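Just below is one structure, and these are the notes that go with it.
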Amino acid sequence: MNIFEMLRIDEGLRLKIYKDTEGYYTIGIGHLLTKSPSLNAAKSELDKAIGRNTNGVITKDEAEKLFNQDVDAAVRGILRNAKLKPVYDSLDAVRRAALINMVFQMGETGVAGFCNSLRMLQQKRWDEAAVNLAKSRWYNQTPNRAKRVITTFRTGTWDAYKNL
Ligand SMILES: *SCC1=CC(C)(C)N(O)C1(C)C
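All letters in the sequence shown, in the order written, are residues 1 to 164 by the authors' numbering.
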């Protein structure tokens with residue numbers, strides 16, 4: 001297992017524009033198009049991202065290309081962020097994947113708002129981090145995915161993604 005397989009499990013794959021758990025227009029493997037209520041604005045963003053007249057449908061290779069770009073961007077976003085990089089550097093490879101997952105889902109700004117939990121991760125207090133992480137809108141809104149990520153931070157293994 002690795003970050004790509006992990007996020008593919010958490011986000012799924014859909015080739016036509018859909019609404020994500022928050023109601024925002026999305027396509028592919030969790031690629032947010034816009035927060036705008038307008039389906040046309042979303043179609044516009046899509047064509048702009050793919051570089052062709054898509055009419056809201058994309059192929060599997062287009063979806064995986066957006067996905068490669070988005071993982072790359074999440075990683076570099078962590079490494080340029082002053083709050084996040086020190087945490088990332090302190091973690092082992094499995095736990096780094098959990099941090100990337102969170103950034104991918106909620107963005108740098110969003111994750112940097114978990115200041116108390118991140119300090120606990122840096123200190124390597126895994127059980128205490130896991131409790132703090134669950135006291136969050138994130139956990140209440142997408143509990144099954146949040147449990148998988150939290151379990152990854154607590155154990156440093158892929159067991160939550162095992163047989164999925
Ligand atoms: S969220 C900012 C932050 C606080 C502290 C726990 C000292 N950190 O290590 C970072 C920069 C993550």
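Yeah, the Cβ is synthetic: ideal placement off N, Cα and C, and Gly gets one too.
Would you give the residue range spanned by the alpha helix (DSSP H) that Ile-50 belongs to? Your numbering for residue 50 matches position 50 in the sequence shown. Run containing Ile-50: 39-50, per the alpha helix (DSSP H) assignment.
Do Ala-49 and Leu-32 have their C-beta atoms closer together than 8 Å? One-based indexing of the sequence shown puts residue 49 at position 49. One-based indexing of the sequence shown puts residue 32 at position 32. Going by C-beta atoms, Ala-49 is not nearer than 8 Å to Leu-32.
Distance, Cα to Cα, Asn-81 vs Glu-108? Counting from 1 along the sequence shown, the entry for residue 81 is found at position 81. Counting from 1 along the sequence shown, the entry for residue 108 is found at position 108. Near 8 Å, if we compare the C-alpha coordinates of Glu-108 and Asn-81.
Verify whether the separation of the beta carbon atoms of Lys-83 and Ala-63 is less than 8 Å. Translated into positions along the sequence shown, residue 83 becomes position 83. Translated into positions along the sequence shown, residue 63 becomes position 63. Not a contact, by the Cβ cut-off of 8 Å.
Confirm, please, whether the CB-CB distance from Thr-152 to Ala-160 is below 8 Å. Here residue 160 refers to the residue found at position 160 of the sequence shown. Here residue 152 refers to the residue found at position 152 of the sequence shown. In contact: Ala-160 and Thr-152 (Cβ atoms closer than 8 Å).
Just mark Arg-95 as buried or exposed, buried being the case when its beta carbon has 16 or more other beta carbons within 10 Å. Along the sequence shown, read from residue 1 onward, the residue named residue 95 stands at position 95. Classification of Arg-95: buried, given that the 10 Å Cβ count is 16 or more.
Which residues share a DSSP beta bridge with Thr-34? To locate residue 34, count along the sequence shown from 1; it is residue 34. Per DSSP, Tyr-25.
Answer yes if the segment 130-147 comes into contact with the segment 36-56, meaning at least three C-beta pairs across the two stretches below 8 Å, and no otherwise. no
Roughly how many angstroms lie between the CA atoms of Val-71 and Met-120, to the nearest whole one? What you label residue 71 is simply residue 71 of the sequence shown in a count that begins at 1. What you label residue 120 is simply residue 120 of the sequence shown in a count that begins at 1. Spanning the two alpha carbons is a distance of roughly 25 Å.
Note down the Cα distance separating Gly-77 from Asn-55, rounded to an integer number of angstroms. By one-based count along the sequence shown, residue 77 stands at place 77. By one-based count along the sequence shown, residue 55 stands at place 55. Computed Cα separation, rounded: 30 Å.
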